[PDB]
There are 2 protein chains.
Amino acid sequence: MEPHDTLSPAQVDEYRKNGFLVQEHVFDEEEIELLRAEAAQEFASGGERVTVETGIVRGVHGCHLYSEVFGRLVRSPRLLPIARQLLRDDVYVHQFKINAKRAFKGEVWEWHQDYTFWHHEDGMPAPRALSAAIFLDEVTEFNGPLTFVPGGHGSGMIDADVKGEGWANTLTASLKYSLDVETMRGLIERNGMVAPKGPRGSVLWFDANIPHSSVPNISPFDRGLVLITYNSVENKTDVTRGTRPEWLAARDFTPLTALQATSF
Amino acid sequence: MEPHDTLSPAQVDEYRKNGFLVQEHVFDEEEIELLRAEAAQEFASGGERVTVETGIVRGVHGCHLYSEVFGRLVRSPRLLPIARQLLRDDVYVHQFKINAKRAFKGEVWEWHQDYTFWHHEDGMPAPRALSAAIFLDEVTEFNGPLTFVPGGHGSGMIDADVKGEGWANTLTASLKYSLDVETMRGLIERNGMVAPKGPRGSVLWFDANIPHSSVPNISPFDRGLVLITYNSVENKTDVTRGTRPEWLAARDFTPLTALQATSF
Ligand code: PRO
Ligand code: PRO
Ligand SMILES: [O]
Ligand SMILES: [O]
Ligand SMILES: [O]
Ligand SMILES: [O]
């Protein structure tokens with residue numbers, strides 16, 4: 001395994017200022033293909049962990065608990081050291097999901113901050129968490145990229161429209177916690193909007209509290225993302241306020257260590 | 001009135017190669033405001049010429065036949081000379097519409113070529129026509145811009161999926177003539193995708209045969225377009241194959257002359 005990867009000090013500053021950062025070409029084509037094959041197996045076999053958009057498969061959750069490939073992936077030397085660097089802690093996986101947007105398909109995903117769900121549904125005490133979204137496909141202007149407000153995370157958590165009982169609607173557009181509208185307007189007047197792009201195999205890191213949204217893929221090309229949410233071990237969720245199963249909100253808080261090279 | 005405007009030879013070549021061209025800041029703010037006020041009056045008073053998206057007003061058609069402001073606009077020295085230059089003819093207005101996409105609203109508009117409707121529904125014999133879309137608001141990445149395939153018009157008209165009887169569904173997403181999918185894929189593999197941007201008051205010229213599409217406005221800002229379709233007088237539609245009213249497909253083929261300056 002290559003000496004553990006870390007972000008330069010410019011990259012860190014950029015991440016902290018903006019709330020997101022892209023690293024291009026972290027994984028190669030062959031690596032990505034292995035991940036897409038496994039994603040396809042998880043979509044086939046994940047049962048109640050799958051989510052469907054009038055639709056074929058949209059999301060699958062919790063895969064690192066069931067898939068040896070994905071269990072390894074979260075420990076990768078390409079990912080785990082950066083998670084540790086940005087969270088300034090040992091880390092574990094709170095949540096793992098795979099979100100596809102097939103060619104000419106997709107939905108408008110309502111503007112929202114991931115930490116609002118994790119705090120209220122799972123008992124996350126602070127927003128000392130982030131997500132790594134691995135691009136299974138090139139992310140362009142036209143296949144529904146994640147779209148952020150740069151610097152929007154500095155609001156902390158934002159008072160939010162609630163819709164629904166339990167958690168079923170946390171995985172749908174339509175979302176339980178959405179940002180409706182003066183909120184967004186001022187945000188965007190103050191801060192703007194950016195949809196980071198990148199080639200297949202890139203990684204997009206983003207803050208637990210950054211607002212984000214995405215639109216439909218009007219391209220003839222897919223937009224598959226594998227999203228790993230790392231949380232600080234010190235920031236472990238309070239399992240006594242927890243409302244969701246292990247494959248949405250982890251309860252094993254053992255600090256993660258990196259994969260090492262073996263002959264198999 | 002300023003000496004009639006025309007496109008430079010680079011601008012022309014760009015238009016003909018790509019199929020579209022933006023001129024920034026053609027109209028000033030005060031001019032645009034006059035146009036938005038009138039658009040709002042037309043949406044209020046246009047009756048059967050209006051179209052609504054579960055929605056408030058999306059489109060209004062034919063306005064230059066009913067509004068003195070819009071009747072003047074199509075004769076403007078900012079527009080008419082360029083229409084004449086690009087069509088290499090005297091011109092008239094085939095079609096006039098206003099398409100709004102309010103903040104956080106909008107639809108996916110299916111990929112399509114305008115000339116397919118005009119040929120089959122209206123009797124336009126050749127694609128020697130174009131549209132001028134005046135930006136009532138800044139057009140960005142995020143408020144559902146018109147999205148093209150650059151050079152896509154060089155296919156000529158493209159064999160197309162038909163859905164519906166009569167014309168009601170020519171003004172909706174969902175559209176009578178859409179480009180489904182190998183079509184789009186190869187197009188886009190060959191040619192790519194571009195969503196031209198620009199400030200309020202710009203003009204986007206595009207070819208009657210360019211493929212285009214747009215997605216929803218996830219911005220808190222509107223995207224109002226006033227679209228004037230100029231046709232070559234020599235290319236006048238064959239009114240004997242005509243199926244739609246005058247406010248969708250004009251029948252008065254009198255060549256247009258430019259507004260001149262008067263004291264009122
Ligand atoms: O429910 C959750 O935990 C994730 C976070 C944003 C939307 N779905
Ligand atoms: O029906 C028409 O004439 C216009 C052209 C594209 C969609 N609507
Ligand atoms: O999200
Ligand atoms: O999410
Ligand atoms: O169009
Ligand atoms: O159109």
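Lettering of chains follows the sequences in order, A, B, ..., and the numbering in each one begins at 1. The analysis underlying the following values was restricted to heavy atoms, covering all of them including side chains, and did not include hydrogens, waters or symmetry mates. Whatever order the structure lists ligands and atoms in, that order sets their numbers, starting from 1.
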Kindly confirm or rule out a cation-pi arrangement of B/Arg49 over B/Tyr66, judged by NZ or CZ under 6.0 Å from the six-membered ring centre and within 45° of its axis? yes
Can you list the ligand 2 atoms lying under 4.0 Å from a non-hydrogen atom of B/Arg244? 1 (O), 2 (C), 3 (O)
Excluding sequence neighbours, so at least two apart, what forms side chain to side chain contact (heavy atoms under 4.5 Å, CB included) with B/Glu234? B/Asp89, B/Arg128, B/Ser232
Taking only heavy atoms of B/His112, which atoms of ligand 2 are found under 4.0 Å from at least one of them? 6 (C), 7 (C)
I want to check something: taking the side chain as every heavy atom from C-beta on, are A/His94 and A/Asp122 in contact at a cut-off of under 4.5 Å? yes
Please table the atom pairs, donor to acceptor, closer than 3.5 Å between any side-chain atom in residues 145-153 of chain B and protein atoms at least two apart or in another chain.
{"unit_1": "B/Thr147", "atom_1": "OG1", "unit_2": "B/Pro145", "atom_2": "O", "d": "3.1"}
{"unit_1": "B/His153", "atom_1": "NE2", "unit_2": "B/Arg16", "atom_2": "O", "d": "2.7"}

Specify the protein heavy atom at minimum distance from atom 7 (C) of ligand 2: its residue, its atom name, and the distance to 0.1 Å. B/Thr170 O, 3.3 Å
Considering the heavy atoms of B/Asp114, write down every atom of ligand 2 situated less than 4.0 Å from one of them. 5 (C), 6 (C)
Numbered atoms and elements of ligand 2 in range of B/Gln95, under 4.0 angstrom, heavy atoms: 2 (C), 3 (O), 4 (C)
Which bit of B/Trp118 gets closer than 4.0 Å to ligand 2, counting heavy atoms only: side chain, backbone, both or neither? side chain
Salt bridge present between A/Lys176 and A/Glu121 (N-O < 4.0 angstrom): yes
